[PDB]
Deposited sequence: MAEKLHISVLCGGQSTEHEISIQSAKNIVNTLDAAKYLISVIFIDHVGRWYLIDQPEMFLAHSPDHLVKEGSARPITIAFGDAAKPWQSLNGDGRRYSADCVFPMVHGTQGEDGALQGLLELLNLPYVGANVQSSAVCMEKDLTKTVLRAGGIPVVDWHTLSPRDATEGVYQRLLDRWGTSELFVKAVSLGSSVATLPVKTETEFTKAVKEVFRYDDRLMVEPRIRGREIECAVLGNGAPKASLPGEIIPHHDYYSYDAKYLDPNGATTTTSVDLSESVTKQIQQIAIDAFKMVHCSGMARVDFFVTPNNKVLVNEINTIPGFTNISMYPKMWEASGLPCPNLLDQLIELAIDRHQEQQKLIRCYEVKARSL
């Protein structure tokens, strides 16, 4: 083969389905055509998989259209077939997979888990890191245990009493009642009263089986794109302003910029991330830098902060994508070596 086969996964049974498609389109449009034969795997709303092997068609049409036209081919997977994991319902090659499903299934380790079972190289966080970063309270647990400054939180599960919690949190710290693992605004509720609190708790437990309460923090929402495996690099910080308006130009001191970058890298490492993460911070008026979230499959559309921050840092998106693919393949190669050496040792 003269080119590497790249499969971009998008859609999925996730409320970020449409953003996923837009991310995938940018990636497909931006992948160096000289280096890659690009296939797009579309997962529809009921979880059916389709393969589109003409990237140009994916850029030109909605995947739903391609399904209906018949050009997007129903596929399943071929276990054990390391080279050609996709099988028409004819097998198709994949040298590396770019999981670009946001939220449920895509960032929560599920898709990563399938890809591990297929022994395929894939971009970004592995199963464990995806799961840790997906559950925001678990992320903070790991970060704080390692000494990384985070926005404080309080986890509640359905069996916990809700009475007294509001007051105790007010005493400790307006609050947010948030699903631990859901991003949609439907699952993040601002509360100003006890009554609002318990109503919000009830509401969020209709969506997620665990929630977290957070203090509403005054400060700027600063983001930083991290890239790498073992030796992560951090972009220039960007800012988002909920109405959201975004910009890669924020006027932070040399000190704060440096902190954001270093903590982003340290956080990335602390949750054992791979490939990429967008680390989202609050920076308080007193310039305290606080991690709020690590996103392992950040938006990747042409206006999305992750690629925009890198571009603003001197890394054009095509090069970014090449690096993500290289990192993915390198991780896979290293993991395969460890596995095999252990296998030999263990049975001997």
Deposited-sequence ranges lacking CA coordinates, in order, are 1, 91-94, 179-181, 252-266, 372
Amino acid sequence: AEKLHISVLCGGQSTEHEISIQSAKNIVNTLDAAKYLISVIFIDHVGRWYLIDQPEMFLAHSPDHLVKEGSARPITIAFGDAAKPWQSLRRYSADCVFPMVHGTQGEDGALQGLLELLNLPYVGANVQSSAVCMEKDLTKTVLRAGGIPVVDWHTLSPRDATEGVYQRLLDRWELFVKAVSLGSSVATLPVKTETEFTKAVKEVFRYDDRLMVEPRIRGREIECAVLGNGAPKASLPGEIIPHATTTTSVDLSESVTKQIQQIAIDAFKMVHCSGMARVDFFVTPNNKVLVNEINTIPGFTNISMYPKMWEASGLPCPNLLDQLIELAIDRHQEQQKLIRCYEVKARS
From here on, numbers count along this sequence of modelled residues.
Averaging CA B factors per stretch from the PDB record, which one is higher: 161-169 or 272-280?
161-169
The stretch whose C-alpha atoms carry the larger average B-factor in the entry, 77-85 or 90-98, is 77-85
Using only the C-alpha B-factors in the record, can you name which of 256, 133, 150, 267 has the highest?
256
Taking the values straight from the PDB record, which of 43, 312, 289, 294 has the highest C-alpha temperature factor?
312
How does residue 119 rank on Cα B-factor within its chain, lowest, middle or highest third?
lowest
Using the B-factors in the PDB entry, rank residue 336's C-alpha atom against the chain and give the third, lowest, middle or highest.
lowest
Lowest, middle or highest third: where is residue 235 by Cα B-factor in its chain?
middle
On the chain's distribution of Cα B-factors, residue 178 falls within the third called middle
Would you please rank residue 219 by its C-alpha temperature factor against the other modelled residues of its chain and give the third it falls in: lowest, middle or highest?
highest
